[PDB]
There are 2 protein chains.
Amino acid sequence: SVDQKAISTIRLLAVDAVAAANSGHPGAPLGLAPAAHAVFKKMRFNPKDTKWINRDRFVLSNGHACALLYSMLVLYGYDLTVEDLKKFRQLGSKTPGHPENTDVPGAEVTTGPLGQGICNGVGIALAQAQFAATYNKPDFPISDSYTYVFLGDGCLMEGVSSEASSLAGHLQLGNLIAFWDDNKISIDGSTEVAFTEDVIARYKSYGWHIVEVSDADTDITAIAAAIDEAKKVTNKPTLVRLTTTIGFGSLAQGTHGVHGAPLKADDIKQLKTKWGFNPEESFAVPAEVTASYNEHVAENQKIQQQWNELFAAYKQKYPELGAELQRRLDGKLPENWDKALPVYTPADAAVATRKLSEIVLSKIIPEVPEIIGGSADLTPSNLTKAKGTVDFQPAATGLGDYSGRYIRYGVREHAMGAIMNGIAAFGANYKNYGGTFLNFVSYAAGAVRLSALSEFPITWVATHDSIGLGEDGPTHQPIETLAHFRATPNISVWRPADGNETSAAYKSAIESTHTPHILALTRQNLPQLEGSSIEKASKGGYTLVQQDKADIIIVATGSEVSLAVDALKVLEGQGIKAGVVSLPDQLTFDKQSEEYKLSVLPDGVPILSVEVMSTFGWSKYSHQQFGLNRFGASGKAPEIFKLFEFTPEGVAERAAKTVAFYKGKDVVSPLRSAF
Amino acid sequence: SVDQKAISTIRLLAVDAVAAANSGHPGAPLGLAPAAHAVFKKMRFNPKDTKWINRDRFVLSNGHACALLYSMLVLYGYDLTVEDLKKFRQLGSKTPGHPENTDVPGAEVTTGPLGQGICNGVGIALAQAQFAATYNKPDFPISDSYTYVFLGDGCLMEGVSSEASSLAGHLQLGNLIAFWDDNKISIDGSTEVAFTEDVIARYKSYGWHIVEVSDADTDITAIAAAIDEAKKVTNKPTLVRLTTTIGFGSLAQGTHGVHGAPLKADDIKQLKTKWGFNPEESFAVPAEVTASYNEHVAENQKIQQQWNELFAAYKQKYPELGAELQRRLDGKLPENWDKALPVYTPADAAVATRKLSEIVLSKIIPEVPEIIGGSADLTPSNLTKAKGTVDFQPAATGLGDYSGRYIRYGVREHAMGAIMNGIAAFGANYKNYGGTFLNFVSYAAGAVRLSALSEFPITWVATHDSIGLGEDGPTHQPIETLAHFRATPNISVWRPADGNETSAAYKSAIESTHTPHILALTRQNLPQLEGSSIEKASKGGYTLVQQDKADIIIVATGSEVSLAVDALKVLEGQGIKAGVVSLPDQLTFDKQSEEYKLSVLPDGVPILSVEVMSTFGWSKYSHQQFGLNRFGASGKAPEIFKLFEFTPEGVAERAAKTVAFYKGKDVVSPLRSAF
Ligand SMILES: C=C1[C@H](CCOP(=O)(O)OP(=O)(O)O)SCN1Cc1cnc(C)nc1N
Ligand SMILES: C=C1[C@H](CCOP(=O)(O)OP(=O)(O)O)SCN1Cc1cnc(C)nc1N
Ligand SMILES: [Ca+2]
Ligand SMILES: [Ca+2]
């Protein structure tokens with residue numbers, strides 16, 4: 001039949017792509033081609049408009065199987081061709097070895113690190129539910145789309161998927177439909193060696209619906225029926241167990257050897273002949289398959305055409321909501337939204353930057369509907385919920401509604417990070433955030449790095465940033481954390497010192513379209529600084545205290561800026577004139593012009609950095625570094641700062657030693673380099 | 001009764017400790033005191049010998065509840081007193097706000113970051129099973145101890161605990177007995193807001209046995225009976241559901257407010273009077289409680305006395321095994337074990353450092369019985385299994401035996417990291433390792449940081465270290481990873497360049513007693529270097545190519561050392577004389593004498609670093625840094641190196657620019673500093 005021919009075409013495109021690269025993963029593509037065919041025939045999508053907001057989304061969580069995804073995208077006439085498949089895994093191609101949303105048309109997210117994609121799918125589904133609850137009206141199903149996810153044994157072993165699956169079951173996300181490739185094979189061989197749990201029983205315990213397809217190597221009727229069944233269960237996410245043979249059809253089917261290396265040439269020949277293809281031909285695309293797939297595309301395009309008319313009618317019937325929706329689909333924030341940001345003066349009281357963050361959120365959430373967010377069981381510590389908002393919960397629980405704006409993630413940092421990526425991936429200008437203690441952002445490193453690689457504007461509200469948290473002690477006190485994330489490409493790591501800097505950090509985070517943000521915030525109160533403003537802090541680094549005859553400049557962040565200002569006064573009594581630079585975000589600063597940066601960190605003066613965490617990175621901006629390169633301590637925070645000499649006198653001592661060290665030397669800016 | 005009085009004493013010691021600090025967590029201590037009393041009465045331990053190898057182990061995974069643990073340790077006469085409890089959460093005390101194994105006698109592991117302790121308990125139990133299988137003989141139960149773990153809702157939400165619980169069920173670890181504090185309260189309030197899964201059904205799906213105690217606020221008879229029941233189930237770990245009231249007895253019992261802040265003074269008064277204590281007194285220890293607990297200690301000490309005689313008889317009956325066991329309990333490796341390390345010459349073939357690592361393991365595993373390890377589903381990629389070893393599996397599976405030495409962790413990096421910490425915590429000189437790709441060590445950051453803080457000599461075999469892996473692309477290629485771990489205190493991050501350096505890295509990793517190791521290893525082949533040796537590489541950094549008239553020194557690691565040597569030859573044709581330094585471990589290098597370090601990185605010459613990852617940290621050792629501060633690419637590895645100019649010519653160009661940049665300048669070693 002044409003469906004059989006399409007499945008064979010998909011299988012053989014994937015195997016031929018792996019063969020051409022002499023690299024990659026043929027096994028799962030062979031096993032999942034029937035399911036991919038069946039799912040894409042149920043999905044609504046436009047290959048010519050990858051951003052249609054009411055499309056169904058597909059996520060390949062087992063991202064090593066991407067030759068399968070690329071084959072589907074090529075067959076459906078996305079902006080990806082057979083010529084691109086021939087360049088699978090080749091430098092610069094549109095067909096990288098794991099799918100990247102920035103590079104691959106029709107890749108919703110970046111997968112490959114196992115477990116991430118299913119969590120991203122939870123976030124896409126969460127966003128769809130929130131979006132539909134916000135905009136749908138009687139006779140106006142603006143949003144009614146599904147989220148389809150493929151995942152394998154590896155994703156099911158990774159703890160992040162357990163976190164997200166527990167939460168998705170709690171949230172009753174009935175438009176999520178996941179498919180487990182139950183092939184009993186991983187890299188180390190049989191799943192009997194390490195993965196003998198009853199997966200289905202576990203998913204029932206989370207509140208998921210289950211459909212089992214015992215013959216998923218051939219039974220596309222049953223796979224389609226499983227989707228129909230899942231769509232009837234509106235209050236539970238569904239897991240479809242696809243019992244498959246890894247590498248189906250290969251001489252090596254059902255073995256670990258077919259997982260992750262190219263097939264032998266003779267094996268590819270026998271595949272082709274068994275399925276009616278020419279063993280001498282590669283990258284065959286039968287025109288009847290193209291015709292069949294084109295029919296589905298044309299039908300989907302008529303569905304989108306009708307949706308566009310529905311949207312026009314919605315704008316007439318609901319003028320305010322319609323204009324809001326249009327603005328969001330255009331990628332634009334509300335005009336002058338930033339006038340809601342709080343502004344402070346040096347006469348205002350000292351405030352912890354976690355509390356300043358609460359105040360910002362309180363002002364901007366009512367002004368910017370596309371802001372949603374939550375905390376990983378730290379709501380009263382991170383201060384992430386605006387008073388008078390409702391939680392995102394299924395109404396059946398009585399605990400919230402899908403129109404709610406605040407997510408109770410539970411103690412699930414890693415899944416929170418990957419769910420945030422899915423919310424961002426949904427689109428519609430969502431600007432979403434997640435709170436935890438800074439030290440436990442590290443639990444989510446797998447997802448955070450993907451936020452950076454995927455260019456998603458997510459925000460971590462990362463409180464309790466240092467030894468300033470005090471008594472909880474060294475298991476809770478960051479040392480390496482900012483260095484880790486600053487060393488990752490494309491992460492904006494804001495460590496605001498005061499109220500105006502906190503507002504600048506949020507301005508950056510909310511305006512972002514391609515860069516994730518981490519906001520490192522204090523437990524403890526900090527003074528409002530003389531010289532700070534949103535305008536200057538928005539440059540990432542700025543001169544707080546200008547001293548035209550400086551003997552030294554002190555560059556600092558966060559809680560250490562006030563310390564530097566106090567040290568300046570001690571130094572004046574020692575006959576040393578200092579300037580102060582505040583560097584709330586190194587990435588934003590780095591992106592400023594060379595001339596601006598040199599105005600902040602000039603030639604001809606020693607520069608000392610002060611930040612109560614690792615000194616890594618700081619030589620970009622300073623000649624000498626005063627930091628904390630050992631673990632912390634459990635005690636009252638002021639006593640810990642005194643122990644480690646992060647005091648005005650301790651900073652002054654090191655500044656005076658820095659001045660003396662450079663006596664008789666020629667000093668150029670740390671910004672200079674040889675190449 | 002005296003048992004009732006003991007429970008009240010525990011409760012009130014914990015509340016009084018929190019009160020004195022005006023900081024900490026009274027709720028879970030109040031709720032878990034009956035269970036703590038019951039469990040410690042079943043446990044075999046010696047407060048005067050915390051390292052008795054056949055002790056039962058206790059782990060408080062919900063480490064914020066540590067006022068409970070400290071109270072137990074004080075009451076049982078560990079090296080911790082009421083005076084230490086009065087200093088709870090105070091700078092420098094033996095009673096920090098979360099338990100630290102380095103600081104607290106009777107704390108087996110460092111907990112507080114949720115989810116870790118239960119995984120550590122899995123590792124303690126894994127080690128006990130392996131140890132017993134290795135040494136026990138008929139009439140000689142050298143090892144027969146249990147592992148008891150307390151954990152809360154937060155630990156059950158963290159994905160790492162799901163990973164470890166799936167694996168522990170697979171491994172049939174019947175001497176593991178965990179207790180869930182089922183109090184339905186977390187920081188954000190009721191567990192109904194975020195944690196509605198059927199936990200018991202999930203644990204059954206992993207293959208655990210369940211006992212439920214519905215009245216754990218009072219029913220110590222049932223808690224003791226649950227332990228007895230668990231001990232009869234020898235082929236399944238057991239989860240005991242303790243239904244408790246958080247803060248039991250407080251006016252605020254059953255509320256989130258009792259989780260994490262001191263009780264009100266009037267609340268403490270009513271607790272004391274309801275339980276027969278003097279509301280005017282704090283830190284009361286009734287002498288009848290001390291007497292009861294002392295009876296149990298005395299009985300346990302007689303058990304250890306008899307074990308010591310059993311061990312003496314074992315040494316007579318099994319002379320070789322007995323001497324091996326004695327050596328391990330003394331903390332000593334086999335005499336001259338390091339003579340098994342492979343040694344190479346520059347005439348030997350190029351080899352990838354992952355394969356060199358395989359070869360080392362092949363030679364040292366037969367020589368050092370306390371080495372065990374595994375991989376997170378990457379055995380044929382990381383090359384972590386020695387041919388001719390058996391896997392650690394329950395014999396009932398037919399897939400291995402508990403005497404086996406190789407662990408199939410599955411796709412569970414984070415739990416692998418925390419399980420390794422538990423294996424190390426067991427003691428008996430275990431030197432254990434875990435393989436994954438370097439980029440996915442980041443999934444386990446929570447546990448890795450605890451390896452460093454806990455001072456455990458665990459080893460990550462972290463292969464596929466860079467863009468040198470090629471086609472899998474940027475989702476797999478480390479950039480920030482070494483900077484992250486190098487910035488963490490107390491992590492030895494070895495990036496060996498060749499065969500001799502790989503042997504030095506293992507010598508360090510296996511000899512370690514207080515420092516975790518990460519070995520960053522290549523996919524791709526590297527040449528054997530002229531000038532390398534185990535002796536020189538053991539210094540962490542060394543002069544590979546000495547040039548007395550150097551115009552520049554190039555410092556490099558790993559795959560970039562050979563690149564630097566090739567660049568030296570290009571530079572010679574440009575009239576520039578270079579030296580080369582190899583820096584296989586920055587931490588080991590930093591620990592050498594100042595004079596040794598200056599012999600490697602002298603004054604008076606520009607120094608350029610070369611490493612194909614982040615430049616963070618490298619200014620410790622160099623004036624200019626050539627690194628990779630952007631994400632990678634999917635293609636054949638040599639083409640990626642060419643794209644980014646990590647070629648002999650690209651390095652030479654940057655070296656020549658470095659020489660020119662310092663013309664006319666006075667250059668001092670990067671090792672110099674102002675303070
Ligand atoms: C361990 C593996 C994989 C085996 C996956 O087994 P599956 O059953 O999911 O796949 P199948 O055999 O059915 O094709 S693929 C690559 N990989 C390394 C890897 C490790 N850790 C993380 C976090 N991300 C990764 N990609
Ligand atoms: C979110 C929390 C905790 C609430 C724990 O709730 P439980 O039910 O376990 O405790 P109970 O209320 O019953 O006392 S305690 C502190 N903490 C922050 C925290 C976050 N992330 C990680 C990884 N480690 C942490 N310690
Ligand atoms: Ca599989
Ligand atoms: Ca709880």
# chains A, B, ... in the order shown; residues from 1 in each chain; ligands from 1
>>> residues_around(residues="residue B:543", least_positions_apart="5", cutoff="9 Å", atoms="only C-alpha atoms", output="ChimeraX atom specification")
/B:531,536,555,579-583,599-601
>>> write_last_selection(atoms="N, CA, C and O atoms", output="mmCIF file, in the first residue's frame")
data_model
loop_
_atom_site.group_PDB
_atom_site.id
_atom_site.type_symbol
_atom_site.label_atom_id
_atom_site.label_comp_id
_atom_site.auth_asym_id
_atom_site.auth_seq_id
_atom_site.Cartn_x
_atom_site.Cartn_y
_atom_site.Cartn_z
ATOM 1 N N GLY B 531 59.070 13.284 26.312
ATOM 2 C CA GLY B 531 59.215 14.039 27.546
ATOM 3 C C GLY B 531 58.210 13.709 28.628
ATOM 4 O O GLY B 531 58.363 14.196 29.757
ATOM 5 N N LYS B 536 56.810 12.786 36.090
ATOM 6 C CA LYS B 536 56.610 14.224 35.904
ATOM 7 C C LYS B 536 55.128 14.577 35.911
ATOM 8 O O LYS B 536 54.729 15.601 36.473
ATOM 9 N N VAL B 555 51.309 26.584 27.385
ATOM 10 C CA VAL B 555 50.783 25.646 28.380
ATOM 11 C C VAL B 555 49.494 25.033 27.846
ATOM 12 O O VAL B 555 48.632 25.764 27.335
ATOM 13 N N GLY B 579 58.796 27.057 24.484
ATOM 14 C CA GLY B 579 58.727 25.905 25.361
ATOM 15 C C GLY B 579 57.283 25.398 25.469
ATOM 16 O O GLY B 579 56.346 26.117 25.091
ATOM 17 N N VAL B 580 57.120 24.168 25.972
ATOM 18 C CA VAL B 580 55.794 23.594 26.189
ATOM 19 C C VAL B 580 55.695 23.081 27.621
ATOM 20 O O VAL B 580 56.570 22.329 28.080
ATOM 21 N N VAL B 581 54.592 23.428 28.277
ATOM 22 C CA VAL B 581 54.198 22.896 29.564
ATOM 23 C C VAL B 581 52.927 22.071 29.367
ATOM 24 O O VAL B 581 51.990 22.523 28.706
ATOM 25 N N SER B 582 52.901 20.881 29.982
ATOM 26 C CA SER B 582 51.689 20.080 30.071
ATOM 27 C C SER B 582 51.127 20.216 31.475
ATOM 28 O O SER B 582 51.869 20.089 32.458
ATOM 29 N N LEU B 583 49.820 20.484 31.573
ATOM 30 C CA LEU B 583 49.164 20.765 32.845
ATOM 31 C C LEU B 583 48.005 19.778 33.048
ATOM 32 O O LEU B 583 46.826 20.166 33.075
ATOM 33 N N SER B 599 59.336 27.014 38.485
ATOM 34 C CA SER B 599 60.230 26.365 37.526
ATOM 35 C C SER B 599 59.484 25.990 36.250
ATOM 36 O O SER B 599 60.093 25.826 35.190
ATOM 37 N N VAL B 600 58.176 25.776 36.361
ATOM 38 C CA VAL B 600 57.326 25.426 35.233
ATOM 39 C C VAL B 600 56.800 26.668 34.519
ATOM 40 O O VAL B 600 56.755 26.715 33.286
ATOM 41 N N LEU B 601 56.423 27.691 35.300
ATOM 42 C CA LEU B 601 55.848 28.939 34.776
ATOM 43 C C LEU B 601 56.706 30.097 35.300
ATOM 44 O O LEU B 601 56.331 30.795 36.252
#
>>> residues_around(residues="stretch 584-587 of chain B", least_positions_apart="5", cutoff="6 Å", atoms="only C-alpha atoms", output="JSON, numbers by chain")
{"B": [492, 493, 494, 495, 496, 540, 557]}
>>> residues_around(residues="stretch 281-296 of chain A", least_positions_apart="2", cutoff="10 Å", atoms="only C-alpha atoms", output="PyMOL selection string")
chain A and resi 2-10+12-17+19-20+37+40-46+71-72+74-77+82-83+85-86+268-269+272+277-279+298-302
>>> write_last_selection(atoms="C-alpha atoms", output="compact mmCIF listing (two decimals), in the first residue's frame")
# COMPACT_ATOMS: atom_id res chain seq x y z
CA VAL A 2 1.07 3.65 -0.15
CA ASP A 3 1.28 3.70 3.67
CA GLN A 4 3.60 0.68 3.59
CA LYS A 5 5.67 2.38 0.91
CA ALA A 6 5.86 5.57 2.99
CA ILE A 7 7.10 3.64 6.05
CA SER A 8 9.75 1.92 3.94
CA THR A 9 10.75 5.28 2.43
CA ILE A 10 11.22 6.79 5.92
CA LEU A 12 15.50 3.82 4.04
CA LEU A 13 16.04 7.59 4.03
CA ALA A 14 17.21 7.34 7.63
CA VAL A 15 19.53 4.39 6.96
CA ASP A 16 20.92 6.03 3.83
CA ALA A 17 21.61 9.28 5.75
CA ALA A 19 25.37 5.47 5.65
CA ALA A 20 26.42 8.66 3.85
CA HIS A 37 4.13 7.87 9.89
CA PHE A 40 2.41 12.80 11.51
CA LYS A 41 -0.76 11.77 9.62
CA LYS A 42 -2.77 12.74 12.75
CA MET A 43 -0.88 16.00 13.30
CA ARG A 44 -1.92 19.43 12.08
CA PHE A 45 1.07 21.46 10.85
CA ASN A 46 2.14 23.68 7.96
CA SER A 71 13.25 12.17 7.00
CA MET A 72 9.72 13.18 8.07
CA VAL A 74 11.96 16.26 4.14
CA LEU A 75 9.03 14.09 3.03
CA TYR A 76 6.51 16.72 4.19
CA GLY A 77 8.27 19.58 2.38
CA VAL A 82 17.20 15.24 0.35
CA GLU A 83 20.39 17.19 -0.39
CA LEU A 85 19.95 14.52 4.31
CA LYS A 86 23.00 13.64 2.23
CA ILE A 268 21.15 -2.13 3.50
CA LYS A 269 20.85 -4.06 0.21
CA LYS A 272 15.86 -2.46 0.10
CA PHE A 277 13.28 -0.70 -3.35
CA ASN A 278 16.29 -0.73 -5.66
CA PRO A 279 19.37 -1.89 -3.66
CA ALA A 298 -2.86 20.65 1.71
CA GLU A 299 -5.60 19.64 4.17
CA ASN A 300 -3.59 21.09 7.06
CA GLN A 301 -3.07 24.35 5.16
CA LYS A 302 -6.84 24.64 4.67
>>> select_by_dssp(residues="stretch 32-98 of chain B", states="strand (DSSP E or B)", output="list in words")
residues 57, 58, 59 and 60 of chain B
>>> residues_around(residues="residue B:657", least_positions_apart="4", cutoff="9 Å", atoms="only C-alpha atoms", output="JSON, numbers by chain")
{"A": [674, 675], "B": [652, 653, 661, 662]}
>>> closest_residue(among="B:467, B:178, B:210, B:352", to="residue B:633", atoms="only C-alpha atoms")
B:467
>>> select_by_dssp(residues="stretch 210-313 of chain A", states="alpha helix (DSSP H)", output="short mmCIF file (atom, residue, chain, number, x, y, z; two decimals) with N, CA and C atoms, in the first residue's frame")
data_model
loop_
_atom_site.label_atom_id
_atom_site.label_comp_id
_atom_site.auth_asym_id
_atom_site.auth_seq_id
_atom_site.Cartn_x
_atom_site.Cartn_y
_atom_site.Cartn_z
N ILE A 220 -0.02 0.10 12.33
CA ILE A 220 -0.33 1.53 12.32
C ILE A 220 -1.79 1.80 12.59
N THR A 221 -2.69 0.84 12.31
CA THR A 221 -4.09 1.00 12.69
C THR A 221 -4.22 1.16 14.19
N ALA A 222 -3.50 0.33 14.94
CA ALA A 222 -3.54 0.39 16.40
C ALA A 222 -2.87 1.65 16.93
N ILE A 223 -1.82 2.13 16.26
CA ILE A 223 -1.18 3.37 16.72
C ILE A 223 -2.13 4.55 16.52
N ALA A 224 -2.79 4.62 15.36
CA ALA A 224 -3.79 5.66 15.14
C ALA A 224 -4.93 5.56 16.15
N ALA A 225 -5.38 4.33 16.44
CA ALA A 225 -6.46 4.15 17.41
C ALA A 225 -6.03 4.59 18.80
N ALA A 226 -4.75 4.37 19.15
CA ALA A 226 -4.23 4.81 20.44
C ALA A 226 -4.28 6.32 20.58
N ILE A 227 -3.98 7.03 19.49
CA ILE A 227 -4.09 8.48 19.50
C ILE A 227 -5.54 8.90 19.71
N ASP A 228 -6.47 8.25 18.98
CA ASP A 228 -7.87 8.60 19.15
C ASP A 228 -8.32 8.36 20.59
N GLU A 229 -7.87 7.24 21.19
CA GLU A 229 -8.22 6.93 22.57
C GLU A 229 -7.65 7.99 23.51
N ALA A 230 -6.38 8.35 23.30
CA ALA A 230 -5.75 9.37 24.13
C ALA A 230 -6.51 10.69 24.07
N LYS A 231 -7.02 11.06 22.89
CA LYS A 231 -7.74 12.32 22.76
C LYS A 231 -9.07 12.31 23.52
N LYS A 232 -9.63 11.15 23.79
CA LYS A 232 -10.86 11.08 24.57
C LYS A 232 -10.61 11.27 26.05
N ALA A 265 26.87 -2.54 4.43
CA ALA A 265 26.33 -2.31 3.09
C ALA A 265 25.41 -3.45 2.63
N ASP A 266 25.78 -4.70 2.92
CA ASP A 266 24.95 -5.83 2.50
C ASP A 266 23.63 -5.87 3.23
N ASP A 267 23.62 -5.39 4.47
CA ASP A 267 22.39 -5.30 5.22
C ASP A 267 21.45 -4.29 4.57
N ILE A 268 21.99 -3.13 4.17
CA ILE A 268 21.15 -2.13 3.50
C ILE A 268 20.58 -2.69 2.19
N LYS A 269 21.36 -3.48 1.45
CA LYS A 269 20.85 -4.06 0.21
C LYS A 269 19.66 -4.97 0.47
N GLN A 270 19.75 -5.85 1.48
CA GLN A 270 18.65 -6.76 1.75
C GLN A 270 17.42 -6.03 2.28
N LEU A 271 17.62 -4.93 3.03
CA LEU A 271 16.48 -4.10 3.44
C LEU A 271 15.74 -3.59 2.22
N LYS A 272 16.49 -3.04 1.28
CA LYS A 272 15.86 -2.46 0.10
C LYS A 272 15.10 -3.51 -0.70
N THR A 273 15.71 -4.67 -0.93
CA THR A 273 14.99 -5.64 -1.74
C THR A 273 13.77 -6.19 -1.02
N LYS A 274 13.83 -6.41 0.30
CA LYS A 274 12.67 -6.96 1.02
C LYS A 274 11.50 -6.01 0.94
N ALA A 287 7.30 8.93 -5.77
CA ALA A 287 6.38 10.04 -5.96
C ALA A 287 5.02 9.79 -5.37
N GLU A 288 4.60 8.52 -5.25
CA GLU A 288 3.31 8.26 -4.61
C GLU A 288 3.34 8.62 -3.12
N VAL A 289 4.51 8.48 -2.48
CA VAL A 289 4.64 8.88 -1.08
C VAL A 289 4.53 10.39 -0.95
N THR A 290 5.27 11.10 -1.80
CA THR A 290 5.17 12.55 -1.84
C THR A 290 3.73 12.99 -2.07
N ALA A 291 3.02 12.32 -2.98
CA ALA A 291 1.63 12.72 -3.24
C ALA A 291 0.77 12.54 -2.01
N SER A 292 0.91 11.41 -1.34
CA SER A 292 0.12 11.12 -0.15
C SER A 292 0.38 12.16 0.94
N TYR A 293 1.65 12.46 1.15
CA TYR A 293 2.02 13.41 2.19
C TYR A 293 1.57 14.83 1.82
N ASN A 294 1.68 15.17 0.53
CA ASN A 294 1.21 16.47 0.06
C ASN A 294 -0.28 16.64 0.29
N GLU A 295 -1.07 15.57 0.14
CA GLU A 295 -2.52 15.66 0.39
C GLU A 295 -2.77 16.12 1.82
N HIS A 296 -2.04 15.51 2.76
CA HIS A 296 -2.20 15.85 4.17
C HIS A 296 -1.77 17.29 4.44
N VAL A 297 -0.66 17.72 3.84
CA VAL A 297 -0.22 19.11 3.97
C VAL A 297 -1.29 20.05 3.46
N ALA A 298 -1.86 19.76 2.28
CA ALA A 298 -2.86 20.65 1.71
C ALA A 298 -4.07 20.75 2.63
N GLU A 299 -4.50 19.63 3.21
CA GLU A 299 -5.60 19.64 4.17
C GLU A 299 -5.25 20.48 5.39
N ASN A 300 -4.03 20.31 5.91
CA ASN A 300 -3.59 21.09 7.06
C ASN A 300 -3.54 22.58 6.74
N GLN A 301 -3.12 22.94 5.53
CA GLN A 301 -3.07 24.35 5.16
C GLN A 301 -4.47 24.94 5.08
N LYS A 302 -5.46 24.16 4.63
CA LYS A 302 -6.84 24.64 4.67
C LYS A 302 -7.33 24.81 6.10
N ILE A 303 -6.91 23.93 7.01
CA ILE A 303 -7.22 24.11 8.43
C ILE A 303 -6.62 25.40 8.96
N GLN A 304 -5.35 25.68 8.64
CA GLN A 304 -4.75 26.93 9.10
C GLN A 304 -5.45 28.13 8.47
N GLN A 305 -5.83 28.04 7.19
CA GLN A 305 -6.56 29.13 6.54
C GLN A 305 -7.84 29.45 7.31
N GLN A 306 -8.57 28.42 7.70
CA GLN A 306 -9.79 28.62 8.47
C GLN A 306 -9.48 29.17 9.86
N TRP A 307 -8.38 28.72 10.48
CA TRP A 307 -7.98 29.30 11.76
C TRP A 307 -7.69 30.79 11.62
N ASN A 308 -7.04 31.21 10.53
CA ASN A 308 -6.79 32.62 10.35
C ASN A 308 -8.11 33.40 10.27
N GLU A 309 -9.13 32.84 9.63
CA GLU A 309 -10.43 33.52 9.61
C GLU A 309 -11.08 33.53 10.98
N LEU A 310 -10.94 32.43 11.73
CA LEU A 310 -11.44 32.40 13.10
C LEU A 310 -10.79 33.49 13.93
N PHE A 311 -9.46 33.66 13.78
CA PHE A 311 -8.73 34.69 14.50
C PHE A 311 -9.21 36.08 14.12
N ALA A 312 -9.46 36.32 12.83
CA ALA A 312 -10.00 37.61 12.43
C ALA A 312 -11.36 37.86 13.07
N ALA A 313 -12.22 36.84 13.10
CA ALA A 313 -13.53 36.99 13.72
C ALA A 313 -13.40 37.20 15.23
#
>>> residues_near_ligand(ligand="ligand 4", cutoff="10 Å", atoms="only C-alpha atoms and all ligand atoms", output="list in words")
residues 27, 28, 31, 62, 151, 152, 153, 154, 155, 156, 180, 181, 182, 183, 184, 185, 186, 187, 189, 190, 191, 244, 245, 246, 254, 256 and 259 of chain B
